[PDB]
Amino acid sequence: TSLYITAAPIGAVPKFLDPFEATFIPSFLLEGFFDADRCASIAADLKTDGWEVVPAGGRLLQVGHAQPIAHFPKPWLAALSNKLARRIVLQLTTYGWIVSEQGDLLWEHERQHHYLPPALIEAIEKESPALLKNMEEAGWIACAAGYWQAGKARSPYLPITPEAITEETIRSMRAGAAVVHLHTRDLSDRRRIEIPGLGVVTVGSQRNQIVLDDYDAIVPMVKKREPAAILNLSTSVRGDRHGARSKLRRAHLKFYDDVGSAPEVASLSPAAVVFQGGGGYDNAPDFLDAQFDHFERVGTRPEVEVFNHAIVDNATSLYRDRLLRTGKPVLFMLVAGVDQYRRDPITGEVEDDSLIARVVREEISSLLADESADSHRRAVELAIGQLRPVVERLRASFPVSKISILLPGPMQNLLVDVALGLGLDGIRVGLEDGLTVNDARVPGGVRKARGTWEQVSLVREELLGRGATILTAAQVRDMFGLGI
């Protein structure tokens, strides 16, 4: 098959981390400078924003970062188990350190306030006391108890503003992506917390939210630079119950006068999406009737986000004629590897409804953890066996269709094999789905991606190495009849 790459640069879940902000707040400074109650308040707000309580024993590397009241050579990391090295590499690249061509970690800035937690330091101390000593000579200093910003599910490169989203969209397209799937985030709750003997920390939910003013900016800013761009707007209200039938979910799917069209594509999920991990959202029949009516009217092609088997059942039965009406080829995205529930409306009980059955998915994760060529091949087999009948049901009901696949970060080594073996038409990558890339230069072999564009370049590379063709935006538009 020929394939198109979808870039997904933002999503609902990951958060931006400012790597130039403090990453550790000592207890004695917070508790002993504010009243015990506003100290409980600041703490709660830090905790809301993902900061975690830590005991003494951490290490802090700090330069030019306080007011009155930086390399990691490859042989250092190579001295450790793969697991320990990966932990360090992921933590430091989350903090904006980068991997050099020699496979060293480098911080390429003057100031920094970068902290490693006691559990990491303890593990280093056990595997290599000499490394801990080398680190302390390099300036890593022992810490008291306090609060740490791990940046769990965070990236210093996540774009959350119209300007940054535009720039990443364009870079992703230039790295090879034909389609860009967009979310916006609500940043109205941003607030600066000042801490004496430390400085300012900025908190905020970065909550997933359709922001109309953001799209009013993004759509023409993208189109001015790349008029061929195929924009796929998220209609999801993930994280935000109580908005599931709101017209807000199509208000961004208007004709944009500055651009002379409605968005080319937008996401549509024709059943409730109930993540096993929590945070899902309904898509009721009355709401969906309104969505389809609207997509058809403005000329936006739905991309059916196939989260679960309920969606497969519904798309191929009740909603089939409506999907045909919104134009061929009908577009599908397999949200593979993400555990899903279906809830019985009568009893309220849930059962597995994942595309890859959770029990099978758990086996796949175990196999990928082996890091052996045999295990990888078994993992691919299990994935294909689970996904094959889903793909065939979709192909049978929609002879003129295009089916892509995504996978969560930790399963992404399967992406190309699974997509090629299923005869899929596309593959999606981006910070929405995973924050990492492989990098053979660095011990442990994994690090934070420099951007969605980097993930796009790498998947494009792997595809070309197996004799696949990569379609451009101009080609996808023409062949899928989009933007009319």
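One rule holds for the numbers: they count along the sequence shown, beginning at 1.
Unmodelled residues of the deposited sequence between neighbouring positions residue 69 and residue 70 number 10 or more.
Higher average CA B factor: 115 to 123, of the stretches 162 to 170 and 115 to 123. In this entry, the higher average B-factor at the C-alpha atoms falls on 468 to 476, of the pair 6 to 14 and 468 to 476. Per the PDB entry, 192 shows the highest C-alpha temperature factor of the residues 192, 207, 294, 133. The PDB entry assigns the greatest CA B-factor among 445, 32, 430, 426 to 32. Residue-level temperature factors show residue 229 in the middle third of its chain, judged at the C-alpha atom. In the deposited entry, the Cα temperature factor of residue 196 places it in the highest third of its chain's modelled residues.
Ranked by Cα temperature factor within the chain, residue 344 sits in the middle third according to the deposited record. Remark: residue 264 belongs to the lowest third of its chain, ranked by C-alpha B-factor as recorded.
Ranked within its chain, residue 282 lands in the lowest third, by CA B factor from the PDB record.
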